[PDB]
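We name chains A, B, ... by the order of the sequence lines, and we start the count at 1 in each one.
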Amino acid sequence: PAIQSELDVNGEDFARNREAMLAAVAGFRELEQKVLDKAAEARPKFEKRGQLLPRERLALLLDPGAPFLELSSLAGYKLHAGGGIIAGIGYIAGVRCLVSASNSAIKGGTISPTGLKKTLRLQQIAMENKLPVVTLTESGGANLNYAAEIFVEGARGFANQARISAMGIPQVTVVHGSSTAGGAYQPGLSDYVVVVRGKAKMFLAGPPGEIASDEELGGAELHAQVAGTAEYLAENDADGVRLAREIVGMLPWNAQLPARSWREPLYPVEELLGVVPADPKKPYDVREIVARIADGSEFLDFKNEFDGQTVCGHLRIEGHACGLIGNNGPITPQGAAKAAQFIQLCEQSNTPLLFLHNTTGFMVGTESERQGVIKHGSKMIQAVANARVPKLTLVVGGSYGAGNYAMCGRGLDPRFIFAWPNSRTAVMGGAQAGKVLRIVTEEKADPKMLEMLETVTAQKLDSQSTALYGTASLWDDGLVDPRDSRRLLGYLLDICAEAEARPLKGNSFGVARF
Amino acid sequence: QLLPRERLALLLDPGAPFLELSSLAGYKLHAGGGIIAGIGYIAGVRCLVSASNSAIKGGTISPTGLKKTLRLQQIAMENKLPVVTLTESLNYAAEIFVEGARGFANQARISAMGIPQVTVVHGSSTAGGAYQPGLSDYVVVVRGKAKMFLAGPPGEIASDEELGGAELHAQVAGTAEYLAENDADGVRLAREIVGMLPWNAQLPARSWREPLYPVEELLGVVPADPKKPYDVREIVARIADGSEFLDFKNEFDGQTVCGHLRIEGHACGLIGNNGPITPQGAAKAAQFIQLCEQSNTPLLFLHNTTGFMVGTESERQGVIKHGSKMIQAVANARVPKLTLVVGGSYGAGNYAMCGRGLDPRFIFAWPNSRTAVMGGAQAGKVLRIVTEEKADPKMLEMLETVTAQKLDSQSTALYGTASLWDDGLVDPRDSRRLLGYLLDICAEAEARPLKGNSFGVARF
Amino acid sequence: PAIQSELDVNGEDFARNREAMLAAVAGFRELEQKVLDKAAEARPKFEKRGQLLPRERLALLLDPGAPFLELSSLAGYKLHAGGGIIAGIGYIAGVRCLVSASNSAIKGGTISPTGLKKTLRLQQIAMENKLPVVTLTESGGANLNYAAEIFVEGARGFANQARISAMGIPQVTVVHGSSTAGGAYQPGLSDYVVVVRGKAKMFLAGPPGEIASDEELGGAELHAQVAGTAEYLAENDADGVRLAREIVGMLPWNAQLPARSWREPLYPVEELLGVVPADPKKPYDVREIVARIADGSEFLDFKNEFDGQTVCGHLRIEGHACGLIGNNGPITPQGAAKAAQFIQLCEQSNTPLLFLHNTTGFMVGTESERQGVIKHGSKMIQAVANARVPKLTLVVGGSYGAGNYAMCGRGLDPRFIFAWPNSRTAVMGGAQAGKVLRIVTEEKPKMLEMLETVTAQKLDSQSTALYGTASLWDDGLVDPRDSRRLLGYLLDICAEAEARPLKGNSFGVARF
Amino acid sequence: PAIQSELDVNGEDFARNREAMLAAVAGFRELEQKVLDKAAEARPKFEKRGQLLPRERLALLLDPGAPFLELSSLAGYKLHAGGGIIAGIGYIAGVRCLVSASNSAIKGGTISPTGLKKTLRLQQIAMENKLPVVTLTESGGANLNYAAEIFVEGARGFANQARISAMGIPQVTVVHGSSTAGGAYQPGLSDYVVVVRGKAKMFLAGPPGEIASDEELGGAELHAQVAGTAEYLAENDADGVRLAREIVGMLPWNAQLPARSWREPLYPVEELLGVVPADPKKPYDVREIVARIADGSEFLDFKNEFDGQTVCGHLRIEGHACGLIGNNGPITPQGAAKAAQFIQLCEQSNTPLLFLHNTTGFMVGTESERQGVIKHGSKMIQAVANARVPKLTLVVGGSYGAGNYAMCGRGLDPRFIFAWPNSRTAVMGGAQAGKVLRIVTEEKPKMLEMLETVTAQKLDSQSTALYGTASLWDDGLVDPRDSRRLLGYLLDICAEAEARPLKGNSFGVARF
């Protein structure tokens, strides 16, 4: 049952693949460092104020040496980076939570339209995986430039917070700072609010016809003792973070769970750096990736005889059974039928699905259409849409057009989706897009215009298809290093298994702050 | 052959009501989003009906095309309406495509929920557009017009009829269940599919006054713009059966109005603004919604507000916490929630009065209304102050004497309904018969049992 | 919308078909009467005892001119007929019940394998359709020929009675005669027992070291006054039936339902006698049957262009929306696929399914196999087996081999299955069977040209409707002209069951 | 607390009993082997083809030295043995499955009435006990002797497969040989099909106007590559079984369960050979059986003073708390009443029930009848039929007539029923039966003193354990000394089913 790798670790293919992937990883880890440097500018200006930086607060919030998975760290990159939020999934007092912090250190917070989207998305992760939501809030509010592309749709964040509370998923918010206008409802719709003495203020309209101090209009002490909008008053930031840990640590949260050994892979995950060809067009076997993420490198291959371009099978990752769907060519009618069936089978055995995209879309042509490519692809999509088992997507290569849909891309609601930095997501390949514009224009003509239309269109598309663009549009939950792929999937499966097992005390209207 | 609206005239029941939705979607954002859509009747069955508008530059689907399809799907799901679509159909597509998958995911789920989809293909449905019939339950194909393929002929050379014609799909592939001879025969066949379902037989079995004043002179009730604290009760009087209305907790707060009325036999509870929402109006409102959940009474939100009250008093008297409670009820209440934007809808006042992002079941706007993040009033103050103190009336009060009247002027209904901030604009004089129809839709859905299945109906 | 028939109304082949069909009806109808006749040749013994005959019992129990659907009247025709039971769905005091009387005018009641089988099936019908079970009992014991062979499996009937009580479906039993040995438990596991004085005895062992009058042992008065195994003491058969109506009449059974308009067909239902070729080998279009059962003769044909040999489509029957599946040729991969889709659609709309069987089975050959005939036939079976909507089968013709399965024959638990008299059910055609039996054994002199088409002639024994109804492969034969009103009645029953709430309990009602 | 046995351990009657019992075990065990023997007389034909024999297939599929409970090994012993099936509950990769292999070393697999029956019963066992169904298939078709008699009811097996898939109980099928005609649907309605290359064929009709290689028609490669009716292509029998383990091994099946310590009996279980009088007519105390199966030999006797002829009480078996009901005499009104109460109590505490049958049935006579024997027997049956807790039956002795019913014999759906070899199941004792048949006919010369006790001798044919196990009246015969570990294993299975959640779906998994 173990996969035989055909991979040459002291060879010219490998080393150049390692080279091109390390280039990509460094490439995105550089962009990350850049945001970090930009938030050391504010350090002294924070330290003047006796305030910890956002990531200093998280460092004190989180249990030391505990796994932390950060999400959408580059969301919104150059669209007006991280969306104004630092969020992730980690531990707070042995309780796995969705942890958030206004990135105050850059643009005093400020929340971009991709900030709306990221918040919506983190809320969906909190809901689906039943994670308590801990927020260290200190924000400027949304960019004034983007009222319209935000305002009405930004009510959904509040709607969600009201629903999370009724679902029985506790919200704890430390207000380190400003929480003004519309965004004062973010602590207002949390269950447990901590307010920092002197360095904190919530109100709908600030001072700038009545004349008032900010502390007297909506400062900490005002809330903790007059209006009752908070439950705890904290001295400073460290003490605020202490209290967030106290709260969390006083819930009997892990006690609600019921009470409930594996072989490592044959090949080391290090090797994943050289598995994808540097030559993007060059085919390879998704099983080479599988062999380095699966326990014992063991993969039970499903229906490979019927079709080899859509690869299905079973494996374990750190003990957890899953079903895998990956791509070694276009999705043919047979491939979609196989996949649909495989997904219903995993539904039947309560097996989580893992989708590794390297998809170029569906096979096309008269044979394909006459053999049911539409009807079979529809059934695959139906199966992905309707399966209730957890779906985990890893974009390892292509994610093109309807292949993206069929392999459980963002719009199909995977539990989690992460992308390799070599990956590409796009409505189609550049070459196909440009070719087609040539052809419809070749009739609706100067030969050079055609050539230029085709090729420019192509480079334009292929340029946009970069992982960076995908992740920046929240087409994924984040970029990961290929070598993290196994331990990431381990963590994510743990997350989904506990969610399945956890009972919640729901209520009609959400907890009422009387 | 027939045109978009000609198909619809023929699809729908002669003289049955028909409520059209987001007519002006995407107006000047480049209108109606590629789609003529609404709620009407086919063989006695109330459906969500939608037809490609190929006239207006071939239709197209685009940022508002996607929003409008997503929104219509939500309306079909929450109100349990069979979806009957007459389709025909790259500018925006690199950008929209990932999120565009939600339309397909929804189709798969709607099929699993037990709400059938009937699609007539009158023209080309290609690449991604091929999956909307794909993911329909009943598919009618028009002989020699319809074409379905993941890739049209634009390195094989095939004719488009050889590759995805009506006859290929009806006869060989099995992609469709019916072959129609022309536009009108497709439409007929769709009516017959609808008329052949036991849909209304799934429901259980089941008199009023009319208001005192005519409901046909109401183009004069609201002044031009809407910010004015003018009287929502005036409107209530014109919508409410026998103009009878029972003020609720009026004496506790005068500005946030609340009470019961009966529209066309249907009880409901109204939440209105004649002013800002103070911390008492909000408590009052949260309480009332909660009472309405208790008695299973539907909610009407008349938007005519500028936001919550502000000042040290409001903040001391718990405006955040009572506003929060009002949002909690708006969000978690299960009774249907109907919204009419009659005037101002600003800031967190739009949210708390159940504006779009609080998912009213249905939300409609008066042409005179204005939805927006804040007022020109507070705009020039922010722009000023965010450059001021981040020394003159040259670049202090010049910014407000301009920025006020940029937004306090532009802030059009039209932008809201184009951004899909509402489900359309309606003549204010239509408001009673409108709400009457929406309540009836909401009630039919409350009573309708569906037959769900695990994976959607498979077209094997 | 409507179907346009092309079968010549004043035709010749019509009149031919019409004559042949009428001959088959007359045949089985004749045979029904001869079981009535044999029962009537005990009017003296009954009249002497002062008893009503089973069918007089039933005519008094049933409502005046209400529909009454008799079930499995020829069951067990020759396997030693009707099982020793007369049963059906009719009306007692406005309530629709599963009604049953021991046929004690024939061999004195008495139960065999076929009687066990008919009883389990009746019990399934009541369970699935939520029908109060009214039983006019008078047997004694089972055929001693088979008792030892059968007594273990016979316990399932008692198991079912206990479970029916726990489901909240009342059982009313009038004991008109003897019910002794293990059959004492049939009244024993009923909820309401009426016991007729002087004529009625229940005990686990009759007189055959103690000596006793069978009345001292277990007569009506003993069970009503001393032991308390009965609830009502009736004076005579008529008084017993009377008490059974009054029990049904005092239930708020119809009050449990919620509260709740059609065109007739354009072509008279009488025409259904002359629709099926007199020559069964001739092929006909099933839509010609459809056009006489469907309101307005309207029929929406589904996916006909993908495969016209498995016909599907929608219709209304007395306003009831249904989906129909028929055969105009063998079942192809495409037809199976299509039918499986169609059943899923009907489930999705909560639309009942009608199966008109005229199959010879599935298409064969490398192409069929290559195109997925097994996988697709499999999906059609999955859909048939798992669909929640009511499934009604009318065997109108062929029902052979795997096509029998795929079209919701017995083993797939249709809710009801009635066969037309020309129908034929068999593992295959006699021709098909001889040939094969030739060619397999042929290569494992003159014995081919005869052993072949001699087995073919036999196989058309285990193949007439009669052998089918007798084996309980259908719930009865019916005159084709009843087909519309039949399905109407079945649809009503199915719809009422769907809507009806029941008061379950843990152990059944306890006769303390 | 403990029971104190008085059966002489170094006794004579013990040794007598012990010898007689051992003779009956040896008997049936011998007969089990002779079915193994007849299968082994095809090692050449298998070895030539390069096949593993059914039992080699099964030994490779099962986990090393895990328990394996074989079911209905003598089914159909002489009604033309084991059904053409070898089946049981054992372990595949840690998972407990219902495991089945076509017995294609005997008459080439092949299915009859008894094979239909054994299959429906296996399917019930899997459904009720939530066991993945692993099937190593190789048949061809059914006995052509019975195919036409049986093909309609045979569809129920396919119905069950479709429903098992919809329940969320996975079916894994390795096709080692042919599965043609209607039996193509057995792999067709399985969730995972493994098809062995070269040896394996599925088609609806084999070559016998088109001409084709059976491989062009439906061989492994065709179904795996072209049609897609299989999921895995195995090289050989061993490789197929291999793939079947790996499928089971990759399910998170045991991960679905929640997480979860006894005294042995004071008296060795071996002693159970010498507990039952060699002379069955002799009466014994059932507590002597109890004292060897119960932990600590402890037994809490329930309501013994009300009636000591129906014994009830509580015990633990490998820590499992159970309630037990046995027979030390016929069933009185008081004993029925008591047993019915006892079952209700066991339900209330969620305590499983063991039925040890040694009944001759119910008490008779005017007093019995007067004291409510029918009503009370009825309540006992209601309780047996309706109780939700697992019911396990061990036929240790007599199981006659209505006592068979009341003690949860076959027709009351015990979850499992195994019979000891001395056991006897019959509508009554042969003596009882002759006498009666005398006296009824006697008054309706020399023919009494012989027709009487000649029918008595016959009736002890339809009465040995063998005729019972062959008719599927039990799930198998078992060596009395296995009784404790048997019940242990059954209790575990029942407890795991209770606790196990399933992923239902609407139509079963679709092999698109």
Side-chain angles (χ1 to χ4, degrees), chain A residues 258-260, chain D residues 58 61-72 87-100 121-134 167-170 248-249 251-265 269 272 289-290 292-296 298 314-325 346-347 349-356 387-394 408 413-418 474-476 478-502:
Chain A
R260 190 195 148 196
Chain D
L58 289 169
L61 180 64
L62 302 171
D63 279 357
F68 174 71
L69 170 54
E70 172 160 357
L71 299 174
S72 300
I89 299 175
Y91 277 98
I92 309 312
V95 176
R96 180 149 55 196
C97 311
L98 184 91
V99 155
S100 195
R121 170 67 187 154
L122 290 171
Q123 289 177 326
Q124 187 184 34
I125 277 170
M127 287 169 69
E128 292 177 2
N129 298 280
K130 312 185 179 158
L131 307 169
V133 178
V134 186
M167 291 178 63
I169 306 179
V248 173
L251 305 169
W253 184 255
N254 283 343
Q256 305 302 300
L257 304 166
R260 177 155 179 178
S261 51
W262 65 88
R263 291 181 296 283
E264 285 297 319
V269 290
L272 286 163
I289 300 186
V290 168
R292 281 129 192 120
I293 66 187
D295 298 355
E298 296 190 0
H314 302 260
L315 43 30
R316 343 269 304 206
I317 304 200
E318 292 174 8
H320 299 281
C322 342
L324 182 136
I325 302 171
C346 285
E347 170 104 309
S349 55
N350 202 25
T351 297
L353 285 159
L354 328 182
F355 293 81
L356 299 182
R388 305 292 275 177
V389 296
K391 308 173 275 298
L392 306 171
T393 299
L394 249 191
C408 197
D413 297 290
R415 224 122 127 202
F416 288 101
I417 174 178
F418 296 90
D474 58 84
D475 299 323
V478 314
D479 179 350
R481 298 168 281 166
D482 301 328
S483 289
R484 188 173 153 86
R485 67 197 72 168
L486 175 60
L487 294 171
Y489 186 57
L490 293 186
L491 284 160
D492 278 333
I493 287 159
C494 282
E496 159 163 11
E498 184 196 356
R500 162 177 266 99
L502 298 177

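Under the side-chain contact (heavy atoms from CB on, under 4.5 Å) criterion, D:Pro390 pairs with D:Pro352, D:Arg415, D:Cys494, not counting sequence neighbours. In this view, D:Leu62 and D:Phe68, D:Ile92, D:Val99 satisfy the side-chain contact (heavy atoms from CB on, under 4.5 Å) rule, not counting sequence neighbours. For D:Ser483, the side-chain contact (heavy atoms from CB on, under 4.5 Å) partners are D:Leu272, D:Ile293, D:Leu394, D:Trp420, not counting sequence neighbours. Residues forming a salt bridge (charged side-chain N to carboxylate O under 4.0 Å, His left out) with D:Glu347 (at least two apart in sequence, or on another chain): none. Annotation: side-chain contact (heavy atoms from CB on, under 4.5 Å) contacts of D:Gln256 (sequence neighbours excluded): A:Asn350, D:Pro252, D:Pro501.
Residues D:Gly476 and D:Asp474 come closest through the heavy atom pair N-OD1, 2.7 Å. Taking every heavy atom of both residues into account, D:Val269 and D:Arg481 meet most closely at CG2-O, 3.7 Å. Among all heavy-atom pairs drawn from D:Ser100 and D:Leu122, the shortest one is OG-CD1, 4.2 Å. Of all heavy-atom pairs between D:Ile417 and D:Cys408, the closest is CD1-O, 4.4 Å. Listed here is the closest heavy atom pair of D:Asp475 and D:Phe418: O-CE2, 3.2 Å.
Counting only heavy atoms from C-beta outward, the side chains of D:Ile169 and D:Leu502 approach each other to under 4.5 Å. Using a 4.5 Å cut-off on side-chain heavy atoms (C-beta onward), D:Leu491 and D:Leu392 make contact.
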For a side-chain contact (heavy atoms from CB on, under 4.5 Å) check, start with the C-alpha distance between D:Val248 and D:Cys97, then their side-chain angles and the critical distance, and finish with the verdict.
CA-CA 9 Å; D:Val248 173; D:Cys97 311; 4.2 Å; yes
Show the numbers, then the answer: is there a side-chain contact (heavy atoms from CB on, under 4.5 Å) between D:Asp413 and D:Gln124?
CA-CA 10 Å; D:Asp413 297 290; D:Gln124 187 184 34; 3.1 Å; yes
Would D:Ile89 and D:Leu490 satisfy side-chain contact (heavy atoms from CB on, under 4.5 Å), going step by step from the backbone distance to the final call?
CA-CA 10 Å; D:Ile89 299 175; D:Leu490 293 186; 5.6 Å; no
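A salt bridge links D:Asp295 with D:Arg484: the closest approach of a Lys/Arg side-chain nitrogen to an acidic carboxylate oxygen falls below 4.0 angstrom. A salt bridge does not link D:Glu498 with D:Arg388: none of the charged nitrogens is closer than 4.0 Å to a carboxylate oxygen.
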Just distance, no hydrogens or angles: give the donor-acceptor pairs under 3.5 Å from side chains in residues 315-324 of chain D, sequence neighbours left out.
residue  : atom : partner  : partner atom : Å
D:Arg316 : NE   : D:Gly319 : O            : 3.3
D:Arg316 : NH2  : D:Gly319 : O            : 3.1
D:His320 : NE2  : D:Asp492 : OD1          : 3.1

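Within the 3.5 Å criterion, the main-chain N or O of D:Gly94 finds a donor-acceptor partner in the side chain of D:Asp63.
We find the NZ-SG distance between D:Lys391 and D:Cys346 to be 11.5 Å, quoted to the nearest 0.5 Å. Residue D:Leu131 holds its CG atom at 8.0 Å from CZ of D:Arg500, rounded to the nearest 0.5 Å. D:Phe355 CZ to D:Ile325 CD1: the interatomic distance, rounded to the nearest 0.5 Å, is 4.5 Å. Rounded to the nearest 0.5 Å, atoms CG (D:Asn129) and CG (D:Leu98) are 9.0 Å apart. Between D:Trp253 atom CH2 and D:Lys130 atom NZ the span is 8.5 Å, to the nearest 0.5 Å.
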